[PDB]
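J.: Structure for this input, please:
(chains A, B, C, D, E, F and G)
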Amino acid sequence: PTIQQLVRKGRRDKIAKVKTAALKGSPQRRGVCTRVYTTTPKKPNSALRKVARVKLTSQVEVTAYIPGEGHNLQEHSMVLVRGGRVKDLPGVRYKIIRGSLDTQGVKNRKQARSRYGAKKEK
Amino acid sequence: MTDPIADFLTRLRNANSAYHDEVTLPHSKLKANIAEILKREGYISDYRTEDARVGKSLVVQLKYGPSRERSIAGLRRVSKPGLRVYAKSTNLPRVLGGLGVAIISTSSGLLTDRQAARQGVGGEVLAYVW
Amino acid sequence: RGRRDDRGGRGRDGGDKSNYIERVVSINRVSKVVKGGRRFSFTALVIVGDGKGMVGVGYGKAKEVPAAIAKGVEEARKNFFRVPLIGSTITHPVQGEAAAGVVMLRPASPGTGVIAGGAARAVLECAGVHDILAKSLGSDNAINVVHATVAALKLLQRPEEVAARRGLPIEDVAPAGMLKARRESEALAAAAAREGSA
Amino acid sequence: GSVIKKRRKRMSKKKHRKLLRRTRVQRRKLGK
Amino acid sequence: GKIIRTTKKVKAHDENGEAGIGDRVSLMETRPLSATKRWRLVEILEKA
RNA sequence: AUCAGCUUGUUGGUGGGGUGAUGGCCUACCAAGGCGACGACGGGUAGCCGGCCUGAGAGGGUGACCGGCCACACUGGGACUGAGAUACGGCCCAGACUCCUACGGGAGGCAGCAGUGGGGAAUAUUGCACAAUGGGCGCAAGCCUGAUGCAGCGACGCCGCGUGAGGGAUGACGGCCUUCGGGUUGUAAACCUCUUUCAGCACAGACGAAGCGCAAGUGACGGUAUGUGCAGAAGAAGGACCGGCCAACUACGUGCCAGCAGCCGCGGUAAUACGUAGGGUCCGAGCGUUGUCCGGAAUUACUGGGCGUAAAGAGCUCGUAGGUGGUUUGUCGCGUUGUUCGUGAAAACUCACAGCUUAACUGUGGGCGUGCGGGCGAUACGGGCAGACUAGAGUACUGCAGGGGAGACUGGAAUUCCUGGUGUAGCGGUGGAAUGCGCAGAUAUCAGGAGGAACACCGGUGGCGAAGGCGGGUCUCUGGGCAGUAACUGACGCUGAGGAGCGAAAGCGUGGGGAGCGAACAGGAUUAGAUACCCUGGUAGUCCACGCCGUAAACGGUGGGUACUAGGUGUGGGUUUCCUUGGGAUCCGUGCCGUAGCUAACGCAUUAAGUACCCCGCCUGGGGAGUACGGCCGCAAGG
RNA sequence: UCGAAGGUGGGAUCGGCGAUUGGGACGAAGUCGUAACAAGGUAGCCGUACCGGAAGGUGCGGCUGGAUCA
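T.: Residues are numbered from 1 along each chain as shown, chains lettered A, B, ... in the order given. The protein structure is shown below:
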């Protein structure tokens, strides 16, 4: 607007808007899991979601969601947390890899098959 | 009063939009050259220069068609003070695919886009009319 | 628009002349609250045209979908619109505006293809163009981009018309490449036309 | 426009004013 | 595309003190004569 | 700039010194500057580039391989040697660490190639050769070379090839649906011929070497590549997805569960959206996920956006830097432009061609290298200089209108109290009442007195002021506007980041004043309950003097300037032509209606939100929040 | 003379933790009222001051993004 006003100062982009604060710009981080409690979502979607809060190696304290039917992980398992997005429980935006370092792949999973980590039938 | 030629072409867009027969202007050299170009391309019909309060004046009659329809389908000042747009010879910007014309004031005077192309000189634009 | 494939032993399906190209752009059920509930109706934005470059724009209101489509066909039938071209291209870059609909319609060299979004792609696929280059800026809609595209095609004019407005002998109105494209397109009009006579 | 925007803004403003009533003293002394 | 007017406070060397404030002096690039005195001026045009 | 001042070898001079060379590089004296809102000095991050990725381009991201520069070599100083030094595998010192020691003292330095531990989501062998190319020393032979040449390892990437071909039914077995007819898998399979790349086993076996060598030999890769043979369909397919976008649907199983999901959203016993099955679709030695970037995003809009009500016009002016500039003659050639020279290494990129069975790949020749510097040319436009002009701007002169402002003096009606009459039981108040004032003489009425504040009527869609704002009168001092003439000056204009000034009400300080009204504060009433409305009382305040504060729906929700674009009708100020106050024409003002044009719509519409130019402010989803932190101003409230 | 490390000193500045405390976001479903939207039952809103368990109430000036029309 009034191009000398842009020669003075103007027209810069807004903000990087970083999605995940896992850290480092790293795709997945292994982590020590603690207190694997099960929660209640927002009002149109009522169920019990199986989350676990994980202390990423990156020293931060986050809370990840465990996809699949059940979780092999108990207290102090070395779960490999990737970044995802679950709308449904507020503040949980990370998903634990199933078929990983500690948490075994989902058993009798026969159709989804890459997610949930089920190895092929012999 | 900050731009002379913007008031010129502005007065041609208003007098063209409001179905006028003629228009009156403060005469100057650059407006005389632009009036001579728009004579030579036929966007206006003819202009005459009067003597008036103090200075001379430019009375342009506008060229209409087979009914009330207009020949100048627009003006747009591009080499405006504050962002005076310069043009090398590679491209005298083509206007409306070539159907419109570009009043370009090179070192040889004032030319159109086509004359700036063939004679091999560029160095300005001014407003371009279609 | 379902269950159209049918064979009838009746009087006639009344198939006849004017086998034009007809495109249905969008259908959104339009609701109206009245005392005790909602009254659903239907709007069909109907594009019709022939491959010369004559375009219609129809806007059908009915509480059935093929009824609204047929009323859009009859309304665009009532209201056609001539589009000037060069070969199968467009003449020169324009911008059309229907109150929020911005569409830039720019020509291109032949072979490129109609590159436009779905509303402008509909209005240009019904028309006589095969190779132009458009874009729909603003308003993110179907009705305003169709109507803005038709206003953009109203800002078109012939090279000859421009020459006529300025009282100048062509050559003197166009540049030369576009006159050569006039020679190419009229030459293939002569070839396919004289192959049409025999 | 609507007065709803105006009133949400004003709710914030009110709450803040109250918060400075009650902490007035405390801000003076904790600051000094 | 705005044609920006910019300034440049160079430093320059008069042996004879021929120039004063407000003048139209010439310049020419030299050897580095001190810490940022890299110009000497010949044929001063107009005095004030 | 939530970092505004920093600097004393710091800025310049002279004499020395030092250096390969100029020089606060150094030193003694002398002078006292220098650098900064074109962001100095500080803070944060970062090797820079040819390039790469993305994109229509403009631009955005990035700096891996390959190539060019720079900086460093355990951390931090220092010189020496030398043509040349951050001296990685040199020296000296001080540290931190590892190790040897007979305790006196020594030794180390993978950010060379391998390799180990650690950290990590994650990144390879303690390989073979100097045959080729580069490098060193040597007369040469030759010797050295973890540069390089190659090999190993990982679908880590890009490209190519394979897992067969042809025949084959009114379409078998099996599977799952079904309207119980059948339908799909499916020409697919079994079978019947045929062909074998690539893996397999044989035998032959390179080019890279117009090389080196005076020796007779010499290829690390290598018995590899590649040939010619033999046997036989023979050893060779998977992953995602099938509500919508978005190519692709049916059944069974659980029925707000278990789960799904990129967003919209699917699960509450008939889910094409969850799990399994058939089937389909899309890719294919891969296919999905996560992360990071560009794109779509015209969603920071130079190209290419906006600000009446959607986010967005500073409360209003004056003015510093800045940006911008009417008419016209000359000159300069700084912007602009034309042309030629030089340069923009190679590679990449693009076009053509050649080479490898093709391709990726590699090479040759153009173009690209959007730029910069030198020479020569042009002078319309911008600018500089030197001039000229009167239309913008300002001044003089003649009038004219006005709650423009400040100071001073004064006027009456009304309310309240006071003294005194006249005079009695109620007055006041309300939707209805009661607290309340009365019976000690109220309210009522008459006379007089005090005191304060506000100015009925004129007076309204009206005047003036930049905006707040301004109405009893008179006087004194002072500001602006408008018109007319054109007498003068001669572009002195416009805007204006920061900056100073003015700025309702409430509030604040010190000193006055205090009738009416009146937050807070009481009582009464209403009510479930009123911390409320309504009633009775009532302090700060409202008023004046002197200062603060700086805020408002400070609103035309519309920054300032300028030119133009059909009209119609009111009213305010002033000039003139005509009828002779009426009408016209004109300049300035303020309203109502209305075309064109504009707008998302309502609306605006010569007083633009229309058509254009100049400068400023400001906006970038909603909350969080005009809040924290920090600073500035303020007596504080707070801004 | 210069001089790295070391020592003493008082500060700048960037953070981490801190008992307690302020507010903020989300949760359903709880308690209390009903402030706003219709003249929302006292038109609403802006500034400011004061008060109140809370929404709020009142004063002073302003505004139509106000209503019916005395």
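
J.: List the residues that contact residue B:68.
T.: residue B:19 (CB atoms under 8 Å, 6 or more residues apart in numbering or on different chains). All C-beta atoms are positioned from the backbone trio N, CA, C, and that covers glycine.

J.: Any figure for the gap between it and residue A:16?
T.: According to CB to CB, to the nearest Å, residue B:68 and residue A:16 sit 57 Å apart.

J.: got it, and residue E:30?
T.: Relative to residue A:16, residue E:30 is positioned 48 Å away (CB to CB).

J.: The two: which is more packed in?
T.: Shown here are residue E:30 and residue A:16; by other CB atoms under 10 Å in any protein chain shown, residue E:30 has more neighbours (12 against 6).

J.: list the contacts for that one?
T.: E:13, E:38, E:39, E:40.

J.: How about residue E:1?
T.: By CB under 8 Å, 6+ apart, the residues touching residue E:1 are A:3, B:83, B:84, B:85.

J.: at 10 Å what do you get?
T.: Shown in contact with residue E:1 (CB atoms under 10 Å, 6 or more residues apart in numbering or on different chains): A:3, A:7, B:82, B:83, B:84, B:85, B:86.

J.: Could you measure from the second one over to residue A:13?
T.: Meaning residue A:7. Distance of residue A:7 to residue A:13, computed by CB to CB: 18 Å.

J.: Check the fourth one too.
T.: Look at residue B:83 and residue A:13: by CB to CB, they are 23 Å apart.

J.: all helices for chain C, in order.
T.: C:65-78, C:118-126, C:143-154, C:159-165, C:176-197 (DSSP state H).

J.: got the contact list for the fourth one?
T.: Contacting residues not belonging to helix C:159-165 are listed as B:42-43, B:63-66, B:69-73, B:96-101, B:130, C:84, C:86, C:91-92, C:157-158, C:168-175, C:178-179, C:182 [CB under 10 Å, 6+ apart].

J.: What are the buried residues along it?
T.: Of the residues in helix C:159-165, C:159, C:162, C:163, C:164, C:165 count as buried by neighbour count, 16 or more other CB atoms under 10 Å in any protein chain shown.

J.: As a check, name the ranges of all helices in chain A.
T.: A:4-8.

J.: what do you get for chain D?
T.: Counting by DSSP H, the helices of chain D are D:4-22, D:24-31.

J.: Could you export those as TSV, including mean neighbour count?
T.: Formatted as TSV, those follow (neighbours: other CB atoms under 10 Å in any protein chain shown):
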stretch	mean neighbour count
helix D:4-22	10
helix D:24-31	9
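
J.: For those, give me JSON lines that also has distance to residue C:41.
T.: Output for those, formatted as JSON lines (distance: least, CB to CB, whole Å):
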{"stretch": "helix D:4-22", "distance to residue C:41": "32"}
{"stretch": "helix D:24-31", "distance to residue C:41": "62"}
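
J.: Can you give me every residue that contacts residue B:16?
T.: Contacts for residue B:16 (CB under 10 Å, 6+ apart) come out as B:9, B:23, B:43, B:44, B:62, B:64, B:70, B:71, B:72, B:73, B:74, B:75.

J.: Looking at the contacts of residue E:30, which are in helices?
T.: Using DSSP H, none of the contacts of residue E:30 sit in helices.

J.: Reformat these into JSON lines and put distance to residue A:26 and neighbour count next to each item.
T.: JSON lines is the format used below for these (distance: CB to CB, whole Å; neighbours: other CB atoms under 10 Å in any protein chain shown):
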{"residue": "E:13", "distance to residue A:26": "59", "neighbour count": "13"}
{"residue": "E:38", "distance to residue A:26": "51", "neighbour count": "16"}
{"residue": "E:39", "distance to residue A:26": "54", "neighbour count": "16"}
{"residue": "E:40", "distance to residue A:26": "59", "neighbour count": "16"}
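
J.: nearest to residue A:97, of those?
T.: Taking CB to CB as the measure, residue E:38 is the one of the contacts of residue E:30 closest to residue A:97, at 63.9 Å.

J.: Buried residues in the helix ranked longest in chain B, which are they?
T.: When chain B is parsed with DSSP H, its longest helix is helix B:4-17. Using 16+ other CB under 10 Å as the test for burial, helix B:4-17 gives B:5, B:8, B:9, B:11, B:12, B:15, B:16.

J.: Over to stretch A:35-42?
T.: Going by neighbour count (16+ other CB under 10 Å), the buried part of stretch A:35-42 is A:36, A:41.

J.: And that stretch, end to end?
T.: 21 Å (CA to CA, to the nearest Å).

J.: how close does the residue of chain D found nearest RNA strand F get to residue C:124?
T.: Of all residues in chain D, residue D:1 sits closest to RNA strand F, at 2.8 Å by CB to the nearest atom of the strand. Using CB to CB, we find residue D:1 at a distance of 39 Å from residue C:124.

J.: Would you mind telling me which of those two has more residues around it?
T.: Relative neighbour count places residue C:124 above the other of residue D:1 and residue C:124, with 25 against 5, counting by other CB under 10 Å.

J.: got the contact list for the closest residue to the more buried one other than its chain neighbours?
T.: The shortest distance from residue C:124 to any non-neighbouring residue, by CB to CB, 6 or more residues apart in numbering or on different chains, is to residue C:114 (5.2 Å). If you count contacts by CB under 10 Å, 6+ apart, residue C:114 has them with C:88, C:108, C:120-121, C:124-125, C:127, C:129-134.

J.: got it, and residue B:92?
T.: Neighbouring residues of residue B:92 by CB under 10 Å, 6+ apart: B:102, B:104, B:106, B:111-117, B:121-125, B:128.

J.: ok, now with 6 Å
T.: Listed by CB atoms under 6 Å, 6 or more residues apart in numbering or on different chains, the contact set of residue B:92 reads B:102, B:104, B:113, B:116, B:117, B:122.
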